[PDB]
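**Q** I'd like to ask you about the structure that follows.
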Amino acid sequence: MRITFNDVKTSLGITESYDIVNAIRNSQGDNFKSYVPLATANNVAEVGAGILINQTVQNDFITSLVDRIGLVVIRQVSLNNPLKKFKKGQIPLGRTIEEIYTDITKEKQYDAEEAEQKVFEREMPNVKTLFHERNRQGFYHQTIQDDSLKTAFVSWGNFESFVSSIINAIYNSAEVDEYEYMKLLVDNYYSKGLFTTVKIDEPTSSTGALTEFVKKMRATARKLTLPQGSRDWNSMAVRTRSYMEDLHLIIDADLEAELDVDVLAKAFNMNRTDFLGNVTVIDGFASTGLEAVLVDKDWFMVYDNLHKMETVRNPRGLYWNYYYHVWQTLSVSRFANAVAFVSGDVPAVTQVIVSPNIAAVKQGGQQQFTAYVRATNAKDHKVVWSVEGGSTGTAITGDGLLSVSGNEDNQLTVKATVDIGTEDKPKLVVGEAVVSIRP
Amino acid sequence: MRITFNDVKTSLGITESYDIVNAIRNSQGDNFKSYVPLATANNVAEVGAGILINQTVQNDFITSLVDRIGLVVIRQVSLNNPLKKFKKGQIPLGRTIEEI
Amino acid sequence: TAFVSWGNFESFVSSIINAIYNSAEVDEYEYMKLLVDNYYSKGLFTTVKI
Amino acid sequence: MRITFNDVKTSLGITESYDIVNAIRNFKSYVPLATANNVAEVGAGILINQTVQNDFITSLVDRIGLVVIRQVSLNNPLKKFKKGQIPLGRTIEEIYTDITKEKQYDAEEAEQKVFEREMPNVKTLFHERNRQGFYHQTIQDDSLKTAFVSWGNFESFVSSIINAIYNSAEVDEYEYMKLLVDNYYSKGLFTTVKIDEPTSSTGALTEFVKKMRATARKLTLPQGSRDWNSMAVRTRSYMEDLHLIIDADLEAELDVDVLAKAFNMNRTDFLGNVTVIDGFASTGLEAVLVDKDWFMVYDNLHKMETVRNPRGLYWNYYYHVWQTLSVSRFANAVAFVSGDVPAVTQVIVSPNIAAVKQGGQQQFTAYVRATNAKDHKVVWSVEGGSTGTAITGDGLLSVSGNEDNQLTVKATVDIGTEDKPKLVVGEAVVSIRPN
Amino acid sequence: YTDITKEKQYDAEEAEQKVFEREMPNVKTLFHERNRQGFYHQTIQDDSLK
C-alpha cells in the first residue's frame, strides 16, 4: 500500500467505438442532434463511465483546499447453488458408503414326489453391492490486516462492513465450487456411458422436432413410472420402479425459452404438451450432445463429511489468517434410473451389462451369466461369450453357462462382446465380469 | 475356502466416451472451462460413478464389505401389478367352474 | 457377522421377503398378460383392422 | 512398557470414564456429564466446535500425560537410584567424616587441652552431569474423531498417546547411565582389577567369578578397607547395597546361580541388583561393581506442551524432561577391566587441600592404586616457588616465613624405563595465610 | 506400531524455526489372519434317556 500513481489518464482499458464527442459535435440532421442543446455534454461524456484511479483535485474557489470524498458504498453479494436440494445427509465419521440391492427370484413347479428329497436344498438370493468413498478435500485461505486497514476508512461501520464482506467472500466461493462439483457428476456419468440413451433430432431445428422431443420424454416418463417395473433404465440391470413425484428433468435456459415461446404460448390445453416431472434449469452441460437429463431423486449420492473454520493470529504482522476446510463425498447410484436424451451422433450399442459381475464358485461347478445390451436402435445384436482365466478344463457355453475345472486355482474373467462395426472395421463393446474360485 | 478379488479395475462396467479427465486437461476456453477452478477434480471423477469392488481390507462371506463400513444403506422397492382389479375371489374347495 | 448392527440384519431379511413377494407379483402380471396373448393366438378374438 | 488402561486406572483415582476435564473447565454447557454407556453424545459435544475441541485436547494431554508419566516412570526397575526433585541449597559439595581410632582415657593429658578440635572433614565437590531433551509426537484429527465410537476406543487412544513417549524415555535412561559410567571410567577414578577375557574360555569364567567374590567380600569388610574408592577414606558398605553393571554377552555366558552365591542373595533378590547393558564400549571394561549411593539422579522438571496447526489439522505435543546425574567421590566402585592397563592407576594425596600459616609444617601421605603385587617409589615436589619452603622424602613439608604465593604439593610415581613418556601425578593445594 | 528413537537435544536456536513439524510415520501393516469354522455333532437315543 503506497500511493504513487502519477499521470494516469481516464482511458486505461477503454477502446471507444465511434467517439461520442465527435459524433455529437459533427451532427447535421443526424440522430445525435438530441444532445446538441446540452450545455455540458463533454465532461459528462468523459466521466460518466467512472474512473479506476482518482487523484487529488483542488477547489474551484480556493485552490489551497482539496475536494473530498462525500459518499462511500460497499457492495454485497450472496451466491447459492440450485443443486443443494439434491444433497443427502451428513456423515461425520467414516470414509465409505455401502449400498445393497436385492433382486427378484424365479418360480418353480409344484412336485410332491420330487419334494421328498429336496427339502433342504438351498437357492441363494440375488444381491448386488456398490461402494462409494470420500473424494473431495479442500480449503479456502484469507488474511485480514485489521490494524493496517484503518487508514482507508473514516467510519467504524464502514470498516466492519468491509470486514464482513471479506468474510462472506469465502462462503460465496465455497458455494460456487460446490455447484461446479455437483454439476460435474452428470458429465462424468455421460462420459462413462452409464446413462440410458434416447435419440432425438434437435430441440432447436424445428417446432416439429421440439414436439417430438416432448412426446419422447413423456413416453419415457410413463415407462419409468410403471407399477411392475423394468430393468431397462439402470446401469445395474435390476428390476426397479420409480415414482412420478421423484423424477427430475434438468434442461437449459435456451431450451426452456424456445419451448414456452413455441409450443406453450400457441397451444390450447397447455398441460397436455409440457413437461411432466419436476423441472430444473441450469447453465447447460459440458457434453457435446446432452440436451436434457431425466434422473431419479435417489440418483444423487453426495454427502458432506467436514465443514469447519479455523483462525490464527500473527503477533508480529498483526493480521488474522482464516482457513475454511470442506470435505465431501461425491458419487451417484447405479441402482436408480437415468436417461440422457442425446441429439448428436450416437453409437448403435452404448454398453453391455453382465448381471453377475462378481461371483465365487467352488473348484468344480457351473455358474450362469446373463447379458443385457443397451442398443439405441431396434436392431438385434448377437452376443459372443468368452472366458480368459488362463486355465485348461474350464469352458463357457454359448448360452453363458460357465463350468470350471478343479485342476487350477486362479481368477477368471468373463467377457460378453458385441460387434457394432462394419466388415473389416470391427468396433467392439465389451462387458466384463470377474469370477473367483475357492479351493 | 478362502476367496478374494484382486487384479481388477473399476472400469469393467464402463464404456468410455470422451475421457472427461483428458477433455478437462486439453481445454482452451471451451464448455469444459467451468471445472478448471476445482482444485481436486480427478479424484472426484475417479469414483464419480461408484466402485463395484475395490482392493482394501474386506470380509470373506459377502462380497467385499470394506472393514471401515462407515455407513450402510439398504434400499427396498415394491412392485405391483395393474391388472389386479380384474381378479375374482377364491375357491377353497373344488376344482371346476361351470358357466351357463 | 457381516453387519455390525441388528437393524441392518433385519433390513436384509425384510428385503429378501419383499423380493419374494415382488417376484410373485411380477409372475402373476405376466400370467394375466399371457392369458390375452393366448386368446389372440387361438383366434378367438374379434379383429378390427387399423 | 506394555502400558494399558490398567496402569493409568491405578495411577489415577478413577474407574473407567470420567468427567474431570469438563468439570474443571463455557465448556460445561457443551458436553453432557453422563459417565454411562453414551459415547456419541459426549463425542458430539467435544467436537461441536474448534474452541472446545482445542481446550479439551490440551487439558487432557497436558494434565493426564504429565500425571501418568510421572507416576509410571517412578516404578521402573532403576528407581532406587532415582531421587525426587533437587533439594534446595544442596551446595554441590560433599562432606564426609573419616573414621579413626579412640583416644585412651587420661586425665593428666586431658587437662592440658580441652578446646582442641579433631579433624577437617576432607570436603570435596560433587561430580555432576546435566541432561535435558524432548521427544514430541503428533496426533491427527481423524484418530480423534474415530475415538468416541465406544468407551474402549478412548482408553486405547490414551494408551497410544502415552506409550510412545514412555518407551522412548525409559530406553534413553539406560543410555545415559551407560554414558555416565563410561565418562567416570575415562576420568579414571575407579579402582581397577585385572581379568583375562572371561568369555575366551571356561577357566577364565570361574577365575572372574572368584575375583568378583573376593572383591565383594573385601568391600563388605566390617572393619574397613580404605583400599577402594577414588580417595583413601576408609569406609564400609553392606553386601545388600552393592550393585553390579555387567555386559550383556558376559551375563548371557554366566549362569543365574553361583553369581548370586558369590553374594548372599539367592536369585530372587539378586536379579534386582544387576543391570545389563549392550557393551560398555570403553577399552576393555567388562563389569563395574559400585555402591548403591554411588550414583544418584535428581529430576529438575517434566513438562508437556501442545500446539495446533490449523492449516494441517493436527496437534503436536512436546514432552520435555530435564534432570541432573551425580556420582559421589566417597563411594566404593571397582572397574574389573581386561586389557593392558598400566601397573599404577592413580596416586592420591590424603590431606588434599590444606591451609597453613607462614611458618608451619604439614604431613602428606600418598596412596598408589597398583594393579600388581610389586611396590613403587613416590617422589615429592613443592612446585610453588619461594625460599626455604621444602618437603622431605617422607612427605613432611615446611614453609618458610614471608611467603604469600599459594603452593601445590605434587606426588609422582613412575613405572617407565630409560625412556619415560608416562608419569602418574597427584596434586594437593596448600594455601598460605599471614600469621 | 510406533518406533522408539533417541531424544532431540534442547536448543531454542533450532527450535524457533520448526514448531509445526511432525515426527515420523507409524509403519502401519496389515494383520496375518486365518479363520476356522467347523462342527462335531453327536447322537442321543431315547433308550439312554429313559
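Protein chains in written order, with PDB author numbering: chain F, 1 to 439; chain X, 1 to 100; chain S, 151 to 200; chain H, 1 to 25, 31 to 440; chain W, 101 to 150.
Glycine included, each C-beta is placed from N, C-alpha and C at the ideal position.
(1) Figure out for me which residue from H:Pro37, H:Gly70 and H:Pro92 has the closest Cα to the Cα of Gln328 of chain H.
(2) Nearest chain X C-beta to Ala152 of chain S closer than 7 Å, yes or no?
(3) Give me the DSSP bridge partner(s) of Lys415 of chain H.
(4) Are the segment 407-414 of chain H and the segment 371-384 of chain H touching by the rule of at least three beta carbon pairs closer than 8 Å?
(5) Grab me the residues of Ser355 of chain H's own chain with a C-beta within less than 6 Å of its C-beta, minus the 5 sequence neighbours each way, in chain order.
(6) Looking only at its own chain, which residues have a Cβ that is under 8 Å from the Cβ of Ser64 of chain F, when we skip the five neighbours before and after it?
(7) Let me make sure I understand the geometry here. Which of F:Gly406, F:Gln368 and F:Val387 has the alpha-carbon closest to that of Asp399 of chain F?
(8) Cβ closer than 7 Å: which chain F residues qualify as neighbours of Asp177 of chain S?
(9) Spell out whether any CB of chain S is found under 7 Å from the CB atom of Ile104 of chain F.
(10) Between the Cα of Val66 of chain H and those of H:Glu310, H:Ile282, H:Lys33 and H:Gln145, spot the shortest distance and give me the residue it belongs to.
(11) Between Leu83 of chain X and chain S, is the shortest Cβ-Cβ distance under 7 Å, so that the two count as touching?
(12) Between which residues of its own chain and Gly193 of chain H is the CB-CB distance below 7 Å, once the five residues before and five after are set aside?
(13) For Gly157 of chain H, report the span of its beta strand (DSSP E) as first-last.
(14) Listing by chain order, which chain H residues have their CB less than 8 Å from the CB of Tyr140 of chain W?
(15) By DSSP, does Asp424 of chain H sit in helix, in strand, or in coil?
(16) Take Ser155 of chain H and list the residues in its own chain whose beta-carbon comes closer than 8 Å to its own, dropping the five residues that flank it on each side.
(17) Residues of chain S with CB under 9 Å from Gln76 of chain X, in chain order?
(18) Just verifying my parser: in three-state terms, what is the DSSP assignment at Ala360 of chain H?
(19) State the Cα-Cα distance for the pair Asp345 of chain F and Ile24 of chain X, rounded to the nearest angstrom.
(20) For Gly138 of chain W, which residues from the same chain have a beta carbon less than 8 Å from its beta carbon, with the 5 sequence-adjacent residues on both sides left out?
(21) In the DSSP output, what is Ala375 of chain H paired with across the bridge?
(22) Work out the CA separation of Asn81 of chain H and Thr15 of chain H for me, nearest whole Å.
(23) Mind listing, in chain order, the continuous alpha helix (DSSP H) runs of no fewer than 4 residues lying wholly within the segment 199-283 of chain F?
(24) For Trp385 of chain F, collect the residues of the same chain with a Cβ closer than 7 Å to its Cβ; drop the 5 residues on either side in sequence, then sort them by chain order.
(25) Please classify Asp262 of chain H: is it buried, with 16 or more other beta-carbons within 10 angstroms of its beta-carbon, or exposed?
(26) Check this for me: beta carbons of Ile358 of chain F and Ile69 of chain X, under 7 Å apart or not?
(27) With a 10 Å radius around its C-beta and 16 neighbouring C-beta atoms as the bar for buried, classify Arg272 of chain F as buried or exposed.
(28) Below 8 Å on the Cβ atoms is my guess for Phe153 of chain H versus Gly48 of chain H; work out the distance and round it to an integer in Å.
(29) For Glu99 of chain H, write down the residues that DSSP places opposite it in a beta bridge.
(30) For the segment 291-347 of chain F, which segments carrying the beta strand (DSSP E) assignment without a break, of at least 3 residues, lie completely within its bounds, in sequence order?
(31) By how many angstroms is the C-alpha of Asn314 of chain H removed from the C-alpha of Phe120 of chain W?
(32) Which residues bound the beta strand (DSSP E) around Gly138 of chain F?
(33) With distances taken from CA atoms, which of H:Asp232, H:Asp246 and H:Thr280 is nearest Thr240 of chain H?
(34) Of the residues that make up the segment 106-130 of chain W, which ones have a beta carbon closer than 7 Å to any beta carbon in chain H?
(35) Would you identify the three-state DSSP class for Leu12 of chain F, choosing helix, strand or coil?
(36) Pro37 of chain X: buried (16+ other C-beta within 10 angstroms of its C-beta) or exposed?
**A** In short:
(1) H:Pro92
(2) yes
(3) H:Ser386 and H:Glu432
(4) no
(5) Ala237 and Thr370
(6) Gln58
(7) F:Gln368
(8) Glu107
(9) yes
(10) H:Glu310
(11) yes
(12) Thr350 and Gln351
(13) Premise fails: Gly157 of chain H lies in the alpha helix (DSSP H), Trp156 to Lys192, not in any beta strand (DSSP E).
(14) Ordered by position in chain H, no residue passes the 8 Å Cβ test against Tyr140 of chain W, which lies about 33 Å from the chain.
(15) coil
(16) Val44
(17) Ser161, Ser164, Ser165, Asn168 and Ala169
(18) strand
(19) 21 Å
(20) none
(21) H:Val349
(22) 24 Å
(23) 207-224 and 253-262
(24) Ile396, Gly398, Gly400 and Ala416
(25) exposed
(26) no
(27) exposed
(28) 3 Å
(29) H:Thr129
(30) 293-296, 303-314 and 319-329
(31) 6 Å
(32) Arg136 to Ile144
(33) H:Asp232
(34) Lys106, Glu107, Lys108, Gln109, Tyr110, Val119, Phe120, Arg122 and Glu123
(35) coil
(36) exposed
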